[PDB]
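Reading through the structure tokens given below for one structure.
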RNA sequence: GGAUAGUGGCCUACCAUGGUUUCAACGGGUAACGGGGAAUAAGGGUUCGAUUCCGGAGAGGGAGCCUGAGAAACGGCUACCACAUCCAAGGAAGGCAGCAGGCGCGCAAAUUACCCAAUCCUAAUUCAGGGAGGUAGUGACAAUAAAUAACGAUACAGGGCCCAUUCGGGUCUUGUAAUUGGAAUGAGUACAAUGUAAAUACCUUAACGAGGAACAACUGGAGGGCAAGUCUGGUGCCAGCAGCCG
Ligand SMILES: *CC[C@@H](C(N)=O)[N+](C)(C)C
Ligand SMILES: [Mg+2]
Ligand SMILES: [Mg+2]
Ligand SMILES: [Mg+2]
Ligand SMILES: [Mg+2]
Ligand SMILES: [Mg+2]
Ligand SMILES: [Mg+2]
Ligand SMILES: [Mg+2]
Ligand SMILES: [Mg+2]
Ligand SMILES: [Mg+2]
Ligand SMILES: [Mg+2]
Ligand SMILES: [Mg+2]
Ligand SMILES: [Mg+2]
Ligand SMILES: [Mg+2]
Ligand SMILES: [Mg+2]
Ligand SMILES: [Mg+2]
Ligand SMILES: [Mg+2]
Ligand SMILES: [Mg+2]
Ligand SMILES: [Mg+2]
Ligand SMILES: [Mg+2]
Ligand SMILES: [Mg+2]
Ligand SMILES: [Mg+2]
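Residue numbers (the authors' numbering), protein chains in the order written: chain X, 1 to 145; chain 1, 502 to 666; chain Y, 2 to 135; chain J, 2 to 183; chain e, 9 to 63.
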């Protein structure tokens, strides 16, 4: 066999045009070249997003497990988009409260669902300028109301 | 978001103004007279928020009650097949609710000691007083659920999903 | 006991600056620090310079006391030492006086307030006195 | 804008985190030669690996031609002075097999312990940090100083401080005052 | 409850006044000795956190 | 020919019909300033380069120009738009993508500090100036170096054992005790002198400065992936953890 690809000492172009135009089936490269991050992906292709807790939701999870997950619909500040953020740890949406500024994070999965929370791609971090883990563990205290 | 942050930026301007949140989920602005509040809400929409303020006067409230104990007689069924539940409603005396408001009686109090106070001081059956779980809605507030009856095997699981419901 | 064992490395004689410029390796056997006024005494007697003409700086001891590596100059004369050396070194020794002056920002404010006007300030003061009636 | 003073994240982690036998083997090293961190080990391993990396990139070329011969020799010269490499082995291909254990036994940490002075190893690290030990006539409070083999003999207790015998140990100034009171 | 029920519903046991485990090198000095120097007893295989001998 | 300092379709007249293109012209995109470089790191590579150097641009936009060797300057001007100042309403003044500061934006970033002493630069110039530049402050951006006890003794246990009629001295070496004891140490302060433009801080020390209550290590984790709880109380498909498995 010749093994598909050309092998000439002067091929090059038919390699370099081929590898431009196969790469395009590499999903890493496609998002980078087409700015899905910027044009979509609620956060503007950004680590985080401050966004106002529009309501404390309970989201009934996917199968095997069964639990209502205690989330928060957010309104991302910059974009004006609305997303749904998870609130980690026992209760702690109690600590989130209502109509707070809430800083969000990606859940981990480069978009996508983290585990069983269907349609939630974000974790709360800072509620009105603290940190949920600092509240939950109570090493730090909330700045009053 | 531009409102909320401006709203906070107003509350610090004038010594009087309090920018609290209603219990039915509505922003509120306090104002010593009513002139002052038209000045604040002129200043807030410009300057501080810099955004047009859609105004209303309040919400507010309100709590219902139950008034008269019916002791009768509605019965359940959720979906089919299912079980059943039952119904009644009180209300318990306002002396009890006052303590649940004040935080003398608590959700995180001793089951036996709280129940003995309920039966003696506030008019209750001591067994029924132990058999209450919740002080809805949810942790605090003067609504209750009580378990009377005898028999029926697996009440303990649904007892919690009754409380939760 | 200690004896402040001074040494004087790298003596580069300099007619252009009218000085012997050099490093001062120094010691403290059980003493801690050498100090500068004590050094210029020890440089006066050694070089026949007198405290006035000696000018030493840098030092910063090694570590574990031990040693200190200055940068000693010895001028040809006191008048020679005055007209070459930067003012701050003459202040250190007590030869020259500390130059009492206004703050930096005040000098710049005074520069610009002066830039704002034009010509002599006697004209604007007489006009300002006339505006008291107005 | 003088210039960016360059630096290195010199000392670099391994490419897994939990090779059980490495986790022990690193403990063994930090216990034998008394090292507060894994860092102290990786420090040596990298510092060493840099040398190895040279040796490989010299041994790729023919020793007889220039760099191979010169940089290799200078690389060896450097090691024999630092005293890791033996005087039996000065053959570049031996540098390749140097190991972390040989580097650590050359530190001022250890060359305290190997010349007596301390007893029980760690004590040296404590003595070193506690401003005794002078390799030249100059105190060293880095444990991981790397001793120059030439200078090994000159390791003694400091001119200043105790053990050399200038001033005894800072509870004497307590009890000399207390005994004078009685 | 249906919001952080467990966090409340546990009896809080209080941090016991137990001595300072030493920091930096002296911590290593423990772990070196609690593996290499002391050498724990082994019926078949080595074990780094034992159990009180029971089911 | 015209212009320009000058070459030129740079501009103008008259003439010819060329010019580029699948060896991607042209067009579009760029969350593109180029390069030096950066990270990664067998080899080949990928991605990044706003950012300490070198080019290039820009000084709210887009124009136009004065002076000048050098400007299509903007810490020059003219205008129009966009934004806004100061008013006695006739009219004036503007351009932080210098430094500092503030708003705004935002996940996101410092003090309206002290200095020309350095580094250099400029002029009529040894003599003046310089938010160019340095000096601190703030600073877990990075990076480098490393304290969080050490040596005893007595008191209770592990290990070698002169010998193992049963012991045991324990002659030798190690670990545990709110025993206790002598010997240091900068973390700090502070005359001093260093340091320094002046100071700080650093290096150096007069004088004080350790005894568990102090002069206190957190972070994460503890079924697997993957290092390590089948401990004690709760919890009881919930609440929760869980990158994935679960
Ligand atoms: C799951 C089937 C169903 C039944 N047995 O009828 N329900 C008990 C009602 C849920
Ligand atoms: Mg199902
Ligand atoms: Mg010392
Ligand atoms: Mg021509
Ligand atoms: Mg661009
Ligand atoms: Mg580029
Ligand atoms: Mg660049
Ligand atoms: Mg940009
Ligand atoms: Mg440039
Ligand atoms: Mg601007
Ligand atoms: Mg212009
Ligand atoms: Mg300019
Ligand atoms: Mg400008
Ligand atoms: Mg600025
Ligand atoms: Mg930052
Ligand atoms: Mg600057
Ligand atoms: Mg700081
Ligand atoms: Mg120190
Ligand atoms: Mg922990
Ligand atoms: Mg656990
Ligand atoms: Mg494991
Ligand atoms: Mg956890």
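Heads up, the beta-carbon is just placed ideally off N, CA and C, and yes, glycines get one too.
Within 8 angstroms, strictly: CB atoms of residue i and residue j
i	j	result
residue 108 (chain J)	residue 164 (chain J)	no
residue 18 (chain X)	residue 103 (chain X)	no
residue 81 (chain X)	residue 42 (chain X)	yes
residue 480 (chain 1)	residue 600 (chain 1)	This structure gives no information on residue 480 (chain 1), because the portion of chain 1 shown stretches from 502 to 666.
residue 95 (chain X)	residue 72 (chain X)	no
residue 157 (chain J)	residue 135 (chain J)	yes
residue 24 (chain Y)	residue 69 (chain Y)	no
residue 124 (chain X)	residue 87 (chain X)	yes
residue 85 (chain Y)	residue 72 (chain Y)	no
residue 99 (chain X)	residue 132 (chain X)	no
residue 503 (chain 1)	residue 560 (chain 1)	no
residue 30 (chain Y)	residue 9 (chain Y)	no
residue 139 (chain X)	residue 130 (chain X)	no
residue 7 (chain J)	residue 47 (chain J)	no
Chain-ordered neighbours of residue i on chain J, where CB pairs are closer than 9 angstroms
i	result
residue 36 (chain e)	28, 31, 32, 35, 36, 37 and 38
residue 110 (chain Y)	Those within 9 angstroms of residue 110 (chain Y) in chain J number zero; the least Cβ separation is about 29 angstroms.
Neighbouring residues, chain 1, relative to residue i (Cβ below 9 angstroms)
i	result
residue 52 (chain X)	502 and 505
Closer than 8 angstroms at the beta carbon, the chain J residues around residue i
i	result
residue 43 (chain e)	25 and 28
residue 77 (chain Y)	Chain J residues near residue 77 (chain Y): none, gap ~36 angstroms exceeds 8 angstroms.
Residue i: contacting residues in chain J (beta-carbon distance under 7 angstroms)
i	result
residue 22 (chain Y)	Within chain J, no residue comes near residue 22 (chain Y); the closest Cβ sits about 26 angstroms away, beyond 7 angstroms.
9 angstroms Cβ cut-off: residues of chain e touching residue i
i	result
residue 123 (chain J)	33, 34 and 37
residue 609 (chain 1)	16 and 17
Proximity test, residue i beta-carbon vs ligand 1 heavy atom, cut-off 7 angstroms
i	result
residue 578 (chain 1)	no
residue 503 (chain 1)	no
Chain e contact residues for residue i, given Cβ-Cβ distances below 8 angstroms
i	result
residue 679 (chain 1)	Chain 1 is shown only over 502 to 666; residue 679 (chain 1) falls outside these bounds and no answer can be derived.
residue 631 (chain 1)	Within chain e, no residue comes near residue 631 (chain 1); the closest Cβ sits about 17 angstroms away, beyond 8 angstroms.
Chain-ordered neighbours of residue i on chain Y, where CB pairs are closer than 8 angstroms
i	result
residue 135 (chain J)	65
residue 140 (chain J)	64, 65 and 67
Residue i: CB within 7 angstroms of a non-hydrogen atom of ligand 3
i	result
residue 66 (chain Y)	yes
Heavy atom of ligand 2 within 7 angstroms of residue i beta-carbon
i	result
residue 573 (chain 1)	no
residue 48 (chain J)	no
7 angstroms Cβ cut-off: residues of chain e touching residue i
i	result
residue 753 (chain 1)	The shown model of chain 1, from 502 to 666, leaves out residue 753 (chain 1), and the question about it has no answer.
residue 126 (chain J)	33
residue 665 (chain 1)	10
Closer than 7 angstroms at the beta carbon, the chain X residues around residue i
i	result
residue 551 (chain 1)	The contacting residues do not exist; residue 551 (chain 1) stays about 15 angstroms from chain X at best.
residue 522 (chain 1)	99
Chain X residues whose Cβ lies nearer than 8 angstroms to that of residue i
i	result
residue 526 (chain 1)	98 and 99
Chain Y contact residues for residue i, given Cβ-Cβ distances below 9 angstroms
i	result
residue 132 (chain J)	65
Inset, instruction - Could you run through the region 95 to 113 of chain X and flag, in chain order, every residue whose CB is less than 8 angstroms away from some CB of chain 1? - result: 98, 99 and 101
Legend entry - chain e contacts made by the region 70 to 97 of chain X, where a contact means CB separation under 7 angstroms: 70, 90, 91, 92, 93 and 94
Legend entry - Within the region 35 to 61 of chain Y, ranges of the alpha helix (DSSP H) (whole runs, at least 4 residues): 37 to 48 and 51 to 54
Legend entry - alpha helix (DSSP H) segments (min. 4 residues) lying fully within the region 91 to 142 of chain X: 93 to 96 and 132 to 136
Inset, instruction - Identify each residue in the region 147 to 163 of chain J for which the Cβ-Cβ distance to at least one residue of chain Y is less than 7 angstroms, and report them in chain order. - result: 159 and 161
Inset, instruction - Taking only beta carbons into account, state which residues of the region 35 to 66 of chain J come closer than 7 angstroms to chain Y, listed in chain order. - result: none
Inset, instruction - Let me know the beta strand (DSSP E) ranges lying completely inside the region 510 to 553 of chain 1, each 3 residues or longer, listed in chain order. - result: none
Legend entry - Contacting positions in the region 14 to 25 of chain e - beta carbon closer than 7 angstroms to chain X: 14 and 15
Legend entry - beta strand (DSSP E) segments (min. 3 residues) lying fully within the region 9 to 86 of chain X: Runs of the beta strand (DSSP E) inside the region 9 to 86 of chain X: 48 to 57, 71 to 76 and 82 to 86.
Legend entry - chain J contacts made by the region 29 to 59 of chain Y, where a contact means CB separation under 8 angstroms: 30 and 31
Legend entry - Runs of beta strand (DSSP E) wholly within the region 92 to 175 of chain J (minimum 3 residues, chain order): List check, beta strand (DSSP E) in window: nothing returned.
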